[PDB]
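J.: Let me begin by handing over the structure; questions about it come next.
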Amino acid sequence: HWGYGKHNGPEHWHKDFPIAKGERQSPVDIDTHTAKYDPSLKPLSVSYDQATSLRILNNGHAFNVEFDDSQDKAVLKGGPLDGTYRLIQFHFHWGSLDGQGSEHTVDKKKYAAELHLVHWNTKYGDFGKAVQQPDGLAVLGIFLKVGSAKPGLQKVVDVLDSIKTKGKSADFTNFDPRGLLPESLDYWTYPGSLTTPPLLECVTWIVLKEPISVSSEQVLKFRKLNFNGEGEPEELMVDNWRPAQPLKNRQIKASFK
Ligand SMILES: OC[C@H]1O[C@@H](O)[C@H](O)[C@@H](O)[C@@H]1O
Ligand SMILES: OC[C@H]1O[C@@H](O)[C@H](O)[C@@H](O)[C@@H]1O
Ligand SMILES: OC[C@H]1O[C@H](O)[C@H](O)[C@@H](O)[C@@H]1O
Ligand SMILES: Cc1ccc(S(N)(=O)=O)cc1
Ligand SMILES: Cc1ccc(S(N)(=O)=O)cc1
Ligand SMILES: [Zn+2]
């Protein structure tokens with residue numbers, strides 16, 4: 001029943017998900033001047049060469065590209081992380097206009113969209129158990145700005161017409177998520193939460209400093225998706241982002257000096 005409209009959006013979520021007002025909610029504004037270099041961070045390792053994508057799903061909130069997470073095929077390690085985190089899915093948040101869409105902000109600046117690559121800590125066996133743990137998840141967040149096209153995004157763009165409405169899915173095998181990364185892995189990190197209900201406080205956030213560029217045409221196709229199901233009145237899937245939440249008793253650490 002939650003969503004992004006005036007009547008069911010982020011300002012309403014706390015009534016069914018009281019952790020929405022919790023001590024480690026996401027997203028947050030990243031104040032780049034206050035973030036501190038952390039020499040204790042180990043090198044970050046994004047190891048996606050054996051990733052196995054399976055399917056793309058319109059879940060009524062965003063679209064998820066799902067991966068085979070039945071073994072360590074595509075993993076995130078290092079940086080702030082203790083152990084191995086397995087890629088389960090990625091999705092985006094985006095705006096109705098290029099001037100908004102990201103969840104995290106950088107010195108209050110909003111990007112056109114934000115990519116979330118979602119991983120779970122293998123020590124907990126399954127995603128469901130991982131979301132009962134303070135260190136259960138790691139989300140790699142990547143900002144999107146509008147400029148030149150991102151070649152590695154085009155396959156995603158081109159399948160969206162087949163999953164226009166809530167509940168539709170399509171095969172999405174042999175997709176390489178490495179094509180969605182920027183050149184640099186410089187990042188900020190902090191402890192937070194899922195940014196959608198159930199808002200669980202299980203996430204180590206790793207937000208890359210360098211945005212990727214996508215073309216206007218690519219993001220315009222995101223904005224043709226529908227929140228509604230087939231045959232229902234059309235509600236464009238736009239502005240599916242939660243605003244920044246209070247930082248509370250947290251510090252953002254930087255991987256770079
Ligand atoms: O097909 C997408 C990707 O799938 C992975 O399993 C392969 O190891 C990569 O070489 C390939 O780019
Ligand atoms: O007490 C000093 C310590 O304060 C903490 O809040 C900072 O995260 C550390 O980087 C610093 O060394
Ligand atoms: O890699 C993701 C998808 O890209 C394109 O849609 C290909 O036609 C399809 O075979 C593949 O599953
Ligand atoms: C009608 C309705 C409105 C909002 C929600 S919430 N608290 O899940 O956002 C649920 C039902
Ligand atoms: C189930 C779930 C997974 C990941 C997220 S996010 N937007 O915090 O990456 C939210 C919900
Ligand atoms: Zn997300």
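Following the order of the structure tokens, first chain is A, next is B, and so on, with residues numbered from 1 inside each chain and ligands from 1 in the order they appear.
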Can you pull out the residues contacting residue 13 (chain A)? Cut-off 9 Å, using only C-alpha atoms, and skip same-chain residues under 2 positions away; I want them as a ChimeraX atom specification.

T.: /A:2-3,8-11,15-18,20,196-198

J.: Kindly save the residues from that selection, with N, CA, C and O atoms included, as a PDB file, in the first residue's frame.

T.:
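Contents of again-v4.pdb, freshly written:
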ATOM      1  N   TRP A   2       2.102   1.151   0.430  1.00  0.00           N
ATOM      2  CA  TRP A   2       3.005   2.286   0.386  1.00  0.00           C
ATOM      3  C   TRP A   2       3.373   2.593  -1.058  1.00  0.00           C
ATOM      4  O   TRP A   2       3.363   1.721  -1.933  1.00  0.00           O
ATOM      5  N   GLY A   3       3.727   3.850  -1.305  1.00  0.00           N
ATOM      6  CA  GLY A   3       4.219   4.235  -2.610  1.00  0.00           C
ATOM      7  C   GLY A   3       4.946   5.559  -2.528  1.00  0.00           C
ATOM      8  O   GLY A   3       5.618   5.863  -1.530  1.00  0.00           O
ATOM      9  N   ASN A   8       0.414   8.230  -0.169  1.00  0.00           N
ATOM     10  CA  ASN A   8       1.026   7.007   0.335  1.00  0.00           C
ATOM     11  C   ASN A   8       2.549   7.085   0.316  1.00  0.00           C
ATOM     12  O   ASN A   8       3.215   6.051   0.466  1.00  0.00           O
ATOM     13  N   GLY A   9       3.108   8.282   0.165  1.00  0.00           N
ATOM     14  CA  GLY A   9       4.527   8.457  -0.016  1.00  0.00           C
ATOM     15  C   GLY A   9       5.302   8.537   1.284  1.00  0.00           C
ATOM     16  O   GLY A   9       4.806   8.244   2.377  1.00  0.00           O
ATOM     17  N   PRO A  10       6.584   8.900   1.153  1.00  0.00           N
ATOM     18  CA  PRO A  10       7.522   8.874   2.286  1.00  0.00           C
ATOM     19  C   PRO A  10       7.031   9.490   3.569  1.00  0.00           C
ATOM     20  O   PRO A  10       7.433   9.010   4.637  1.00  0.00           O
ATOM     21  N   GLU A  11       6.213  10.546   3.526  1.00  0.00           N
ATOM     22  CA  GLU A  11       5.730  11.159   4.763  1.00  0.00           C
ATOM     23  C   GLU A  11       4.661  10.334   5.473  1.00  0.00           C
ATOM     24  O   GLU A  11       4.341  10.632   6.630  1.00  0.00           O
ATOM     25  N   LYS A  15       3.623   5.387   9.611  1.00  0.00           N
ATOM     26  CA  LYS A  15       2.425   4.852  10.255  1.00  0.00           C
ATOM     27  C   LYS A  15       2.359   3.334  10.202  1.00  0.00           C
ATOM     28  O   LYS A  15       1.772   2.719  11.097  1.00  0.00           O
ATOM     29  N   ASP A  16       2.917   2.711   9.178  1.00  0.00           N
ATOM     30  CA  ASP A  16       3.003   1.262   9.116  1.00  0.00           C
ATOM     31  C   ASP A  16       4.395   0.727   9.339  1.00  0.00           C
ATOM     32  O   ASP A  16       4.536  -0.468   9.628  1.00  0.00           O
ATOM     33  N   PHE A  17       5.408   1.576   9.268  1.00  0.00           N
ATOM     34  CA  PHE A  17       6.806   1.188   9.415  1.00  0.00           C
ATOM     35  C   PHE A  17       7.437   2.208  10.351  1.00  0.00           C
ATOM     36  O   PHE A  17       8.131   3.134   9.897  1.00  0.00           O
ATOM     37  N   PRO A  18       7.226   2.068  11.663  1.00  0.00           N
ATOM     38  CA  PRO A  18       7.697   3.109  12.587  1.00  0.00           C
ATOM     39  C   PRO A  18       9.198   3.307  12.601  1.00  0.00           C
ATOM     40  O   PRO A  18       9.644   4.380  13.033  1.00  0.00           O
ATOM     41  N   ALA A  20      10.784   4.118  10.238  1.00  0.00           N
ATOM     42  CA  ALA A  20      11.004   5.260   9.353  1.00  0.00           C
ATOM     43  C   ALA A  20      11.568   6.459  10.086  1.00  0.00           C
ATOM     44  O   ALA A  20      12.219   7.296   9.451  1.00  0.00           O
ATOM     45  N   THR A 196      13.276   1.922   1.101  1.00  0.00           N
ATOM     46  CA  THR A 196      11.864   1.654   0.914  1.00  0.00           C
ATOM     47  C   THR A 196      11.398   0.800   2.073  1.00  0.00           C
ATOM     48  O   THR A 196      12.193   0.059   2.665  1.00  0.00           O
ATOM     49  N   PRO A 197      10.095   0.839   2.395  1.00  0.00           N
ATOM     50  CA  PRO A 197       9.549  -0.129   3.345  1.00  0.00           C
ATOM     51  C   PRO A 197      10.028  -1.529   2.998  1.00  0.00           C
ATOM     52  O   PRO A 197      10.010  -1.895   1.824  1.00  0.00           O
ATOM     53  N   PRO A 198      10.452  -2.326   3.991  1.00  0.00           N
ATOM     54  CA  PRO A 198      10.304  -2.124   5.429  1.00  0.00           C
ATOM     55  C   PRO A 198      11.369  -1.280   6.133  1.00  0.00           C
ATOM     56  O   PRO A 198      11.339  -1.211   7.353  1.00  0.00           O
TER      57      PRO A 198
END

J.: How would you write, as a VMD selection string, the set of residues no farther than 8 Å from ligand 5 when counting only C-alpha atoms and all ligand atoms?

T.: chain A and resid 26 90 to 93 116 to 118 139 141 193 to 199 203

J.: Next, write the just-selected residues to a file, as a PDB file, in the first residue's frame, keeping N, CA and C atoms as the atom set.

T.:
ATOM      1  N   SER A  26      18.088   5.842   5.859  1.00  0.00           N
ATOM      2  CA  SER A  26      18.672   6.251   4.597  1.00  0.00           C
ATOM      3  C   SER A  26      17.571   6.713   3.642  1.00  0.00           C
ATOM      4  N   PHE A  90      19.851  -5.342  -8.770  1.00  0.00           N
ATOM      5  CA  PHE A  90      19.992  -3.900  -8.822  1.00  0.00           C
ATOM      6  C   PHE A  90      18.711  -3.261  -9.306  1.00  0.00           C
ATOM      7  N   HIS A  91      18.562  -1.989  -8.964  1.00  0.00           N
ATOM      8  CA  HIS A  91      17.431  -1.172  -9.385  1.00  0.00           C
ATOM      9  C   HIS A  91      17.870   0.283  -9.325  1.00  0.00           C
ATOM     10  N   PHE A  92      16.995   1.167  -9.780  1.00  0.00           N
ATOM     11  CA  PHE A  92      17.229   2.598  -9.803  1.00  0.00           C
ATOM     12  C   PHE A  92      16.093   3.344  -9.105  1.00  0.00           C
ATOM     13  N   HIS A  93      16.393   4.588  -8.750  1.00  0.00           N
ATOM     14  CA  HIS A  93      15.422   5.598  -8.362  1.00  0.00           C
ATOM     15  C   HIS A  93      15.648   6.790  -9.282  1.00  0.00           C
ATOM     16  N   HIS A 116      21.251   1.353  -7.347  1.00  0.00           N
ATOM     17  CA  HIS A 116      21.529   0.578  -6.146  1.00  0.00           C
ATOM     18  C   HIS A 116      21.797  -0.869  -6.525  1.00  0.00           C
ATOM     19  N   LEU A 117      23.025  -1.322  -6.273  1.00  0.00           N
ATOM     20  CA  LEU A 117      23.417  -2.717  -6.425  1.00  0.00           C
ATOM     21  C   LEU A 117      23.378  -3.320  -5.026  1.00  0.00           C
ATOM     22  N   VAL A 118      22.470  -4.262  -4.811  1.00  0.00           N
ATOM     23  CA  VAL A 118      22.121  -4.765  -3.487  1.00  0.00           C
ATOM     24  C   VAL A 118      22.809  -6.100  -3.249  1.00  0.00           C
ATOM     25  N   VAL A 139      24.874  -1.992   0.094  1.00  0.00           N
ATOM     26  CA  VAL A 139      24.339  -1.433  -1.143  1.00  0.00           C
ATOM     27  C   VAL A 139      25.383  -0.492  -1.718  1.00  0.00           C
ATOM     28  N   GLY A 141      25.868   2.355  -4.194  1.00  0.00           N
ATOM     29  CA  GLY A 141      25.073   3.398  -4.807  1.00  0.00           C
ATOM     30  C   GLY A 141      25.900   4.202  -5.793  1.00  0.00           C
ATOM     31  N   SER A 193      20.006   2.179   6.168  1.00  0.00           N
ATOM     32  CA  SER A 193      18.800   1.365   6.073  1.00  0.00           C
ATOM     33  C   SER A 193      18.426   1.117   4.621  1.00  0.00           C
ATOM     34  N   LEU A 194      17.465   0.223   4.433  1.00  0.00           N
ATOM     35  CA  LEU A 194      16.718   0.199   3.178  1.00  0.00           C
ATOM     36  C   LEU A 194      16.015   1.541   3.017  1.00  0.00           C
ATOM     37  N   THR A 195      15.895   2.026   1.773  1.00  0.00           N
ATOM     38  CA  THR A 195      15.236   3.302   1.515  1.00  0.00           C
ATOM     39  C   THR A 195      13.779   3.141   1.130  1.00  0.00           C
ATOM     40  N   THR A 196      13.276   1.922   1.101  1.00  0.00           N
ATOM     41  CA  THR A 196      11.864   1.654   0.914  1.00  0.00           C
ATOM     42  C   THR A 196      11.398   0.800   2.073  1.00  0.00           C
ATOM     43  N   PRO A 197      10.095   0.839   2.395  1.00  0.00           N
ATOM     44  CA  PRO A 197       9.549  -0.129   3.345  1.00  0.00           C
ATOM     45  C   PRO A 197      10.028  -1.529   2.998  1.00  0.00           C
ATOM     46  N   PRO A 198      10.452  -2.326   3.991  1.00  0.00           N
ATOM     47  CA  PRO A 198      10.304  -2.124   5.429  1.00  0.00           C
ATOM     48  C   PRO A 198      11.369  -1.280   6.133  1.00  0.00           C
ATOM     49  N   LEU A 199      12.252  -0.608   5.401  1.00  0.00           N
ATOM     50  CA  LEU A 199      13.121   0.431   5.985  1.00  0.00           C
ATOM     51  C   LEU A 199      14.110  -0.130   7.008  1.00  0.00           C
ATOM     52  N   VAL A 203      21.970  -1.973   6.527  1.00  0.00           N
ATOM     53  CA  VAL A 203      22.761  -1.677   5.331  1.00  0.00           C
ATOM     54  C   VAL A 203      24.042  -0.938   5.661  1.00  0.00           C
TER      55      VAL A 203
END

J.: With a distance cut-off of 7 Å and only C-alpha atoms, select the neighbouring residues of residue 150 (chain A), excluding the residue or stretch itself and same-chain residues fewer than 2 positions from it, and output the selection as a PyMOL selection string.

T.: chain A and resi 148+152-154+213-215

J.: Using only N, CA and C atoms, please write the residues we just selected to a file, as a compact mmCIF listing (two decimals), in the first residue's frame.

T.:
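What follows is the written file result30.txt:
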# COMPACT_ATOMS: atom_id res chain seq x y z
N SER A 148 26.25 12.27 -21.89
CA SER A 148 26.46 11.23 -22.88
C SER A 148 25.78 9.93 -22.46
N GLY A 152 26.46 0.57 -21.61
CA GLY A 152 26.12 -0.61 -20.84
C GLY A 152 24.74 -0.56 -20.21
N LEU A 153 24.07 0.58 -20.24
CA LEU A 153 22.70 0.69 -19.77
C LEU A 153 21.68 0.41 -20.87
N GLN A 154 22.07 0.45 -22.13
CA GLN A 154 21.08 0.43 -23.20
C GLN A 154 20.25 -0.85 -23.21
N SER A 213 27.36 8.99 -16.50
CA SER A 213 26.54 9.76 -17.41
C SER A 213 25.64 8.83 -18.20
N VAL A 214 24.37 9.21 -18.31
CA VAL A 214 23.39 8.55 -19.15
C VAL A 214 22.77 9.61 -20.05
N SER A 215 22.19 9.20 -21.17
CA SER A 215 21.61 10.22 -22.04
C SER A 215 20.19 10.57 -21.60

J.: Pick the closest to residue 100 (chain A) from A:78, A:189, A:87, A:143: which is it, counting only C-alpha atoms?

T.: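 Checking each candidate against residue 100 (chain A), we get A:143 as the closest.
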
J.: Taking only C-alpha atoms and all ligand atoms into account, which residues have an atom no farther than 6 Å from ligand 3? I'd like them as a list in words.

T.: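 After applying the 6 Å limit, what remains is residues 155, 159, 171, 172, 173, 174 and 175 of chain A.
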
J.: From a DSSP calculation on the backbone, collect every residue of region 115-257 of chain A in strand (DSSP E or B) and output the set as a ChimeraX atom specification.

T.: /A:115-121,137-146,169-171,187-192,203-208,212-214,226,236,253-254

J.: Show me, as a PyMOL selection string, the residues that have an atom within 12 Å of residue 206 (chain A) when counting only C-alpha atoms, minus same-chain residues fewer than 3 positions from it.

T.: chain A and resi 26-27+30+41+44-46+76-81+104+115-119+137-143+185-193+203+209+252-255

J.: Once you have the residues from the selection above, write them out as a PDB file, in the first residue's frame, restricted to C-alpha atoms.

T.:
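Written out: selection.pdb:
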ATOM      1  CA  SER A  26      18.672   6.251   4.597  1.00  0.00           C
ATOM      2  CA  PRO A  27      19.231   8.088   2.363  1.00  0.00           C
ATOM      3  CA  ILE A  30      26.561  13.604   2.101  1.00  0.00           C
ATOM      4  CA  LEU A  41      39.144   1.169   5.115  1.00  0.00           C
ATOM      5  CA  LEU A  44      37.218  -2.138  -2.184  1.00  0.00           C
ATOM      6  CA  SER A  45      36.734  -5.166  -4.431  1.00  0.00           C
ATOM      7  CA  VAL A  46      33.846  -5.282  -6.879  1.00  0.00           C
ATOM      8  CA  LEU A  76      31.475  -7.152  -3.065  1.00  0.00           C
ATOM      9  CA  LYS A  77      34.274  -7.270  -0.491  1.00  0.00           C
ATOM     10  CA  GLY A  78      36.747  -4.950   1.165  1.00  0.00           C
ATOM     11  CA  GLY A  79      36.288  -1.304   1.967  1.00  0.00           C
ATOM     12  CA  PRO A  80      34.263  -1.096   5.174  1.00  0.00           C
ATOM     13  CA  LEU A  81      33.000  -4.664   4.793  1.00  0.00           C
ATOM     14  CA  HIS A 104      21.440  10.428  -1.526  1.00  0.00           C
ATOM     15  CA  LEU A 115      21.557   3.023  -9.077  1.00  0.00           C
ATOM     16  CA  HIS A 116      21.529   0.578  -6.146  1.00  0.00           C
ATOM     17  CA  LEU A 117      23.417  -2.717  -6.425  1.00  0.00           C
ATOM     18  CA  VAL A 118      22.121  -4.765  -3.487  1.00  0.00           C
ATOM     19  CA  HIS A 119      24.242  -7.425  -1.764  1.00  0.00           C
ATOM     20  CA  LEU A 137      23.418  -5.911   3.568  1.00  0.00           C
ATOM     21  CA  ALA A 138      25.738  -3.741   1.517  1.00  0.00           C
ATOM     22  CA  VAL A 139      24.339  -1.433  -1.143  1.00  0.00           C
ATOM     23  CA  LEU A 140      26.644   0.107  -3.747  1.00  0.00           C
ATOM     24  CA  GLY A 141      25.073   3.398  -4.807  1.00  0.00           C
ATOM     25  CA  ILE A 142      25.984   5.174  -8.042  1.00  0.00           C
ATOM     26  CA  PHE A 143      24.676   8.567  -9.144  1.00  0.00           C
ATOM     27  CA  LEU A 185      35.805   3.494  -7.077  1.00  0.00           C
ATOM     28  CA  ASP A 186      36.337   6.424  -4.700  1.00  0.00           C
ATOM     29  CA  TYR A 187      33.432   6.314  -2.233  1.00  0.00           C
ATOM     30  CA  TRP A 188      31.728   7.507   0.900  1.00  0.00           C
ATOM     31  CA  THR A 189      30.368   5.009   3.436  1.00  0.00           C
ATOM     32  CA  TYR A 190      28.040   5.065   6.419  1.00  0.00           C
ATOM     33  CA  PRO A 191      25.606   2.727   8.243  1.00  0.00           C
ATOM     34  CA  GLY A 192      21.982   3.040   7.202  1.00  0.00           C
ATOM     35  CA  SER A 193      18.800   1.365   6.073  1.00  0.00           C
ATOM     36  CA  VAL A 203      22.761  -1.677   5.331  1.00  0.00           C
ATOM     37  CA  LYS A 209      31.780   9.766  -5.711  1.00  0.00           C
ATOM     38  CA  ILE A 252      30.314   9.547   6.803  1.00  0.00           C
ATOM     39  CA  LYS A 253      33.762   8.225   5.966  1.00  0.00           C
ATOM     40  CA  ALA A 254      35.642   8.741   2.716  1.00  0.00           C
ATOM     41  CA  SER A 255      37.894   6.235   0.983  1.00  0.00           C
TER      42      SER A 255
END

J.: Chain A near ligand 2 within 9 Å: what's each residue's closest atom pair and its distance in Å to one decimal, counting only C-alpha atoms and all ligand atoms, ordered by chain then ascending residue number, as a Markdown table?

T.:
| residue | atom | partner | partner_atom_place_in_ligand_line | distance |
| --- | --- | --- | --- | --- |
| A:36 | CA | ligand 2 | 10 (O) | 7.2 |
| A:37 | CA | ligand 2 | 10 (O) | 8.2 |
| A:38 | CA | ligand 2 | 10 (O) | 7.0 |
| A:250 | CA | ligand 2 | 6 (O) | 8.9 |
| A:251 | CA | ligand 2 | 8 (O) | 6.8 |
| A:252 | CA | ligand 2 | 8 (O) | 8.7 |
| A:253 | CA | ligand 2 | 8 (O) | 8.1 |

J.: Give me, as a list in words, the set of residues whose atoms come within 8 Å of any atom of ligand 1, counting only C-alpha atoms and all ligand atoms.

T.: residues 48, 49, 50, 51, 52, 53, 73, 173, 174, 175, 176, 177 and 178 of chain A

J.: May I have the residues from that selection written out with N, CA and C atoms, as an mmCIF file, in the first residue's frame?

T.:
data_model
loop_
_atom_site.group_PDB
_atom_site.id
_atom_site.type_symbol
_atom_site.label_atom_id
_atom_site.label_comp_id
_atom_site.auth_asym_id
_atom_site.auth_seq_id
_atom_site.Cartn_x
_atom_site.Cartn_y
_atom_site.Cartn_z
ATOM 1 N N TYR A 48 32.539 -8.822 -10.284
ATOM 2 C CA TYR A 48 31.320 -9.139 -11.015
ATOM 3 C C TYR A 48 31.561 -9.965 -12.273
ATOM 4 N N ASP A 49 32.788 -10.431 -12.511
ATOM 5 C CA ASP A 49 33.067 -11.127 -13.770
ATOM 6 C C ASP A 49 32.205 -12.375 -14.023
ATOM 7 N N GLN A 50 31.769 -13.077 -12.984
ATOM 8 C CA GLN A 50 30.957 -14.277 -13.167
ATOM 9 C C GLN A 50 29.482 -14.049 -12.843
ATOM 10 N N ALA A 51 29.032 -12.799 -12.842
ATOM 11 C CA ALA A 51 27.641 -12.517 -12.550
ATOM 12 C C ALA A 51 26.710 -13.260 -13.502
ATOM 13 N N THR A 52 25.598 -13.725 -12.960
ATOM 14 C CA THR A 52 24.552 -14.386 -13.731
ATOM 15 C C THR A 52 23.245 -13.649 -13.510
ATOM 16 N N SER A 53 22.919 -12.739 -14.408
ATOM 17 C CA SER A 53 21.611 -12.108 -14.369
ATOM 18 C C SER A 53 20.561 -13.099 -14.851
ATOM 19 N N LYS A 73 28.891 -15.826 -7.206
ATOM 20 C CA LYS A 73 29.145 -15.488 -8.602
ATOM 21 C C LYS A 73 29.489 -14.020 -8.817
ATOM 22 N N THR A 173 18.867 -12.535 -19.075
ATOM 23 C CA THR A 173 20.113 -13.253 -18.936
ATOM 24 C C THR A 173 21.258 -12.548 -19.658
ATOM 25 N N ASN A 174 22.478 -12.896 -19.235
ATOM 26 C CA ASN A 174 23.709 -12.463 -19.890
ATOM 27 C C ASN A 174 23.867 -10.947 -19.898
ATOM 28 N N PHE A 175 23.470 -10.290 -18.815
ATOM 29 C CA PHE A 175 23.713 -8.864 -18.646
ATOM 30 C C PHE A 175 24.914 -8.661 -17.721
ATOM 31 N N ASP A 176 25.830 -7.786 -18.119
ATOM 32 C CA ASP A 176 27.057 -7.554 -17.369
ATOM 33 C C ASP A 176 26.930 -6.273 -16.559
ATOM 34 N N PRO A 177 26.753 -6.343 -15.244
ATOM 35 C CA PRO A 177 26.598 -5.101 -14.468
ATOM 36 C C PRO A 177 27.864 -4.259 -14.404
ATOM 37 N N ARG A 178 29.018 -4.786 -14.810
ATOM 38 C CA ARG A 178 30.226 -3.976 -14.835
ATOM 39 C C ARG A 178 30.081 -2.784 -15.751
#

J.: Grab the CA of residue 56 (chain A) to CA of residue 162 (chain A) distance for me, in Å with one decimal place.

T.: 9.7 Å

J.: Quick one: DSSP alpha helix (DSSP H) residues in region 26-202 of chain A, as a list in words?

T.: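 Going through region 26-202 of chain A, the alpha helix (DSSP H) residues come out as residues 127, 128, 129, 130, 154, 155, 156, 157, 158 and 159 of chain A.
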
J.: Could the residues in this selection be written to a file with N, CA, C and O atoms, as a PDB file, in the first residue's frame?

T.:
ATOM      1  N   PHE A 127      19.109 -13.905   2.094  1.00  0.00           N
ATOM      2  CA  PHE A 127      18.746 -12.502   2.221  1.00  0.00           C
ATOM      3  C   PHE A 127      17.804 -12.275   3.397  1.00  0.00           C
ATOM      4  O   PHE A 127      17.934 -11.285   4.125  1.00  0.00           O
ATOM      5  N   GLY A 128      16.832 -13.167   3.593  1.00  0.00           N
ATOM      6  CA  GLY A 128      15.861 -12.983   4.664  1.00  0.00           C
ATOM      7  C   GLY A 128      16.487 -12.983   6.049  1.00  0.00           C
ATOM      8  O   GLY A 128      16.104 -12.195   6.921  1.00  0.00           O
ATOM      9  N   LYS A 129      17.467 -13.855   6.273  1.00  0.00           N
ATOM     10  CA  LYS A 129      18.184 -13.809   7.544  1.00  0.00           C
ATOM     11  C   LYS A 129      19.090 -12.591   7.610  1.00  0.00           C
ATOM     12  O   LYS A 129      19.244 -11.987   8.672  1.00  0.00           O
ATOM     13  N   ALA A 130      19.688 -12.212   6.483  1.00  0.00           N
ATOM     14  CA  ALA A 130      20.584 -11.067   6.480  1.00  0.00           C
ATOM     15  C   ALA A 130      19.868  -9.795   6.940  1.00  0.00           C
ATOM     16  O   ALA A 130      20.455  -8.968   7.647  1.00  0.00           O
ATOM     17  N   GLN A 154      22.074   0.446 -22.135  1.00  0.00           N
ATOM     18  CA  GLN A 154      21.078   0.431 -23.198  1.00  0.00           C
ATOM     19  C   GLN A 154      20.252  -0.851 -23.212  1.00  0.00           C
ATOM     20  O   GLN A 154      19.055  -0.808 -23.491  1.00  0.00           O
ATOM     21  N   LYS A 155      20.857  -2.009 -22.907  1.00  0.00           N
ATOM     22  CA  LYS A 155      20.073  -3.241 -22.881  1.00  0.00           C
ATOM     23  C   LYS A 155      18.941  -3.174 -21.857  1.00  0.00           C
ATOM     24  O   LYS A 155      17.855  -3.731 -22.072  1.00  0.00           O
ATOM     25  N   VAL A 156      19.190  -2.519 -20.728  1.00  0.00           N
ATOM     26  CA  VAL A 156      18.143  -2.314 -19.732  1.00  0.00           C
ATOM     27  C   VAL A 156      17.035  -1.447 -20.311  1.00  0.00           C
ATOM     28  O   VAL A 156      15.850  -1.795 -20.257  1.00  0.00           O
ATOM     29  N   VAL A 157      17.422  -0.295 -20.865  1.00  0.00           N
ATOM     30  CA  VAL A 157      16.472   0.637 -21.466  1.00  0.00           C
ATOM     31  C   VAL A 157      15.561  -0.090 -22.446  1.00  0.00           C
ATOM     32  O   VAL A 157      14.328   0.063 -22.437  1.00  0.00           O
ATOM     33  N   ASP A 158      16.159  -0.885 -23.320  1.00  0.00           N
ATOM     34  CA  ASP A 158      15.417  -1.465 -24.419  1.00  0.00           C
ATOM     35  C   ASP A 158      14.457  -2.573 -24.016  1.00  0.00           C
ATOM     36  O   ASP A 158      13.587  -2.910 -24.818  1.00  0.00           O
ATOM     37  N   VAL A 159      14.559  -3.136 -22.814  1.00  0.00           N
ATOM     38  CA  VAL A 159      13.617  -4.158 -22.389  1.00  0.00           C
ATOM     39  C   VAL A 159      12.444  -3.548 -21.628  1.00  0.00           C
ATOM     40  O   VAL A 159      11.468  -4.259 -21.337  1.00  0.00           O
TER      41      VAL A 159
END

J.: For ligand 6, which of A:218, A:89, A:249, A:169 is the closest residue, counting only C-alpha atoms and all ligand atoms?

T.: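 Once distances to ligand 6 are computed over only C-alpha atoms and all ligand atoms, the minimum belongs to A:89.
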
J.: Separation of CA of residue 256 (chain A) and CA of residue 184 (chain A), in Å?

T.: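 These atoms are spaced 10.8 Å apart.
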
J.: Report as an NGL selection string all protein, DNA and RNA residues lying within 8 Å of residue 241 (chain A), evaluated on only C-alpha atoms, omitting residues in the same chain fewer than 5 positions from it.

T.: :A and (4 or 93-95 or 101-103)

J.: Store the residues of this selection in a file with N, CA and C atoms, as a compact mmCIF listing (two decimals), in the first residue's frame.

T.:
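Resulting contents of out_15.txt:
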# COMPACT_ATOMS: atom_id res chain seq x y z
N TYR A 4 4.78 6.37 -3.59
CA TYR A 4 5.48 7.65 -3.69
C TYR A 4 4.54 8.83 -3.92
N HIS A 93 16.39 4.59 -8.75
CA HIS A 93 15.42 5.60 -8.36
C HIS A 93 15.65 6.79 -9.28
N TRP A 94 14.56 7.45 -9.71
CA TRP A 94 14.71 8.53 -10.67
C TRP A 94 13.57 9.52 -10.54
N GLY A 95 13.72 10.64 -11.23
CA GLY A 95 12.82 11.76 -11.12
C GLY A 95 11.90 11.91 -12.32
N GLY A 101 15.77 13.07 -8.45
CA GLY A 101 15.67 11.64 -8.69
C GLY A 101 16.57 10.83 -7.78
N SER A 102 17.74 11.36 -7.39
CA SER A 102 18.59 10.61 -6.48
C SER A 102 18.01 10.60 -5.08
N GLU A 103 18.44 9.60 -4.32
CA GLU A 103 18.07 9.46 -2.92
C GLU A 103 19.12 10.13 -2.04

J.: Please, what distance in Å, to one decimal, runs between atom 2 (C, counted along the ligand's line) of ligand 4 and CA of residue 202 (chain A)?

T.: 24.8 Å

J.: Please identify all polymer residues within 10 Å of residue 70 (chain A), counting only C-alpha atoms, omitting same-chain residues fewer than 2 positions from it, and present them as a count of residues only.

T.: 8

J.: Please list as a PyMOL selection string every residue within 10 Å of residue 99 (chain A), counting only C-alpha atoms and excluding residues in the same chain fewer than 4 positions away.

T.: chain A and resi 94-95+109-113+145-146

J.: Limited to C-alpha atoms, could you put the picked residues into a file as an mmCIF file, in the first residue's frame?

T.:
data_model
loop_
_atom_site.group_PDB
_atom_site.id
_atom_site.type_symbol
_atom_site.label_atom_id
_atom_site.label_comp_id
_atom_site.auth_asym_id
_atom_site.auth_seq_id
_atom_site.Cartn_x
_atom_site.Cartn_y
_atom_site.Cartn_z
ATOM 1 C CA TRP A 94 14.712 8.528 -10.668
ATOM 2 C CA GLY A 95 12.818 11.760 -11.118
ATOM 3 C CA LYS A 109 22.724 18.503 -4.806
ATOM 4 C CA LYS A 110 20.226 16.048 -6.300
ATOM 5 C CA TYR A 111 21.231 13.900 -9.262
ATOM 6 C CA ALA A 112 18.832 12.729 -12.000
ATOM 7 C CA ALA A 113 18.844 9.139 -10.725
ATOM 8 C CA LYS A 145 23.740 12.562 -14.406
ATOM 9 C CA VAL A 146 22.368 13.367 -17.849
#
